[PDB]
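Topology and contacts: notes
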Amino acid sequence: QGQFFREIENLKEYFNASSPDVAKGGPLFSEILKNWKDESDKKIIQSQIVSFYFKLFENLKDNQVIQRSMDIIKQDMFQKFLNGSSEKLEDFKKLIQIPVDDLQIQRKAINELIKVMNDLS
Amino acid sequence: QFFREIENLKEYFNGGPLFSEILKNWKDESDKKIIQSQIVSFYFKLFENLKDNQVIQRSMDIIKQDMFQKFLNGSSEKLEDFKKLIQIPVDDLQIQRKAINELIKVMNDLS
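The record lists X-ray crystallography as the method behind this PDB entry and 2.9 Å as its resolution.

Going by the PDB entry, chain B carries the name INTERFERON-GAMMA and comes from Bos taurus. Anyone opening this PDB entry will find it titled "BOVINE INTERFERON-GAMMA AT 2.9 ANGSTROMS". The Subcellular location comment attached to chain B in UniProt states, word for word, "Secreted". Check the Sequence similarities section of the UniProt entry for chain B; it says "Belongs to the type II (or gamma) interferon family."

Per the PDB entry, the recorded name for chain A is INTERFERON-GAMMA, and the organism is Bos taurus. Per UniProt, chain A has the following entry under Subunit: "Homodimer. Interacts with IFNGR1 (via extracellular domain); this interaction promotes IFNGR1 dimerization." Per UniProt, the comment on chain A under Sequence similarities is "Belongs to the type II (or gamma) interferon family."

**Structural notes on the interface of chain A and chain B**
In many reports, interface size means the accessible area that the parts give up when they come together. Of the residues lining the interface, 68 residues belong to chain A; the matching set on chain B comes to 70 residues. Roughly 6800 Å² is buried in total at the junction of chain A and chain B, and carbon and sulfur atoms are behind 69% of that figure. Note that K42 of chain A is salt-bridged to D109 of chain B, the shortest N-O span being 3.2 Å. Inspection of the region where chain A meets chain B yields 32 residue pairs in polar contact. Listing elements by their share of the side of chain A that touches chain B, those giving two or more residues are α1 (4-15), α2 (20-23), α3 (30-35), α4 (42-58), α5 (64-81), α6 (88-96), α7 (103-111) and α8 (113-120) of chain A.

**Examining unusual backbone geometry**
Phi angles above zero are rare outside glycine, and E87 of chain A is one such case at about 80°. Tracing the backbone shows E87 of chain A in the loop between α5 and α6. Judged by relative accessible area, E87 of chain A falls into the exposed class, the value being 54%. Phi is positive for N73 of chain B, which is not a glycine, with a value near 50°. With respect to the element layout, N73 of chain B can be found in the loop between α4 (54-71) and α5 (76-85).

**So, the pattern of salt bridges**
Side chains that differ in sign of charge can pair as their charged atoms come close. Taken as a whole and assessed by the stated rule, the structure comprises 13 salt bridges over all chains. For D28 of chain B, the salt bridge is made with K88 of chain A, and the minimal N-O distance between the two is 3.7 Å. Of this pair, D28 of chain B sits in the loop between α2 (20-25) and α3 (32-49) while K88 of chain A sits in helix α6, placing the two residues on different chains. Overall, the relative accessible area of 36% leaves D28 of chain B in the partly exposed class. Several salt bridges share partner residues, and in doing so they unite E39 and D41 of chain A together with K33 and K78 of chain B into one network.

What counts and what doesn't
Residues numbered from 1 in each chain as written, not as in the entry; some residues may be left out. Chains lettered and ligands numbered in written order. Heavy atoms only, no water. UniProt positions renumbered as here; feature names shortened; annotations may be inferred. Contact = heavy atoms within 4.5 Å. Buried area = accessible area lost by both parts, 1.4 Å probe. Salt bridge = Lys/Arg side-chain N within 4 Å of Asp/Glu carboxyl O. Polar contact = N/O pair within 3.5 Å; in protein donor to acceptor, adjacent residues only side chain to side chain. Helix = DSSP H or I, 4+ residues; strand = E, 2+ residues; numbered from the N terminus. Buried < 20%, exposed > 50% of the residue type's maximum accessible area, 1.4 Å probe, protein only.

Here is the structure:
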């Protein structure tokens, strides 16, 4: 394990994630994670959370002083969630980066709608 | 009517594969849900992007309902959690603070 302990603490510092005000506003993920506590379909909900942090941390690369911290935590999320499986991390990283508003992608996505729909069925 | 609606969208809208190729590589049908959760939410955001085209709004709704039925097993609860998670805004400071605060609980659920 290691460095994620100290880095999670650094982020709480920087954002003041420990003040009483944060507490009262309602839980974000934790509550949801408890309702799916006993599942196989839990991966669905966890995939959304993991990508949130991914996108959140990217939204904060401008805050240079914490950037090193975010990278260390992000690495742990990966190695844990995708069991350090290379490729599986590339596909995942490649899907969460696909932009909704790109016209070429919009047309492409729509074209592949049957191929995706049959994968679900 | 999902298939005809898929066909209706192709009518309305008339290089390198996007999802299809990725869906073939994830052979471990177990952690495949990870990748499929991303795709499903993508279409959710897309259909909502295209919510202005009234002529296809019916079509998108029908397919959207199928996705829910076939992915979340028609579970109205599981759908809300999912529909809210994808709506959570990254740029909201309150949320940024909250998310960061819960980083251990989430990290603990992943281990």
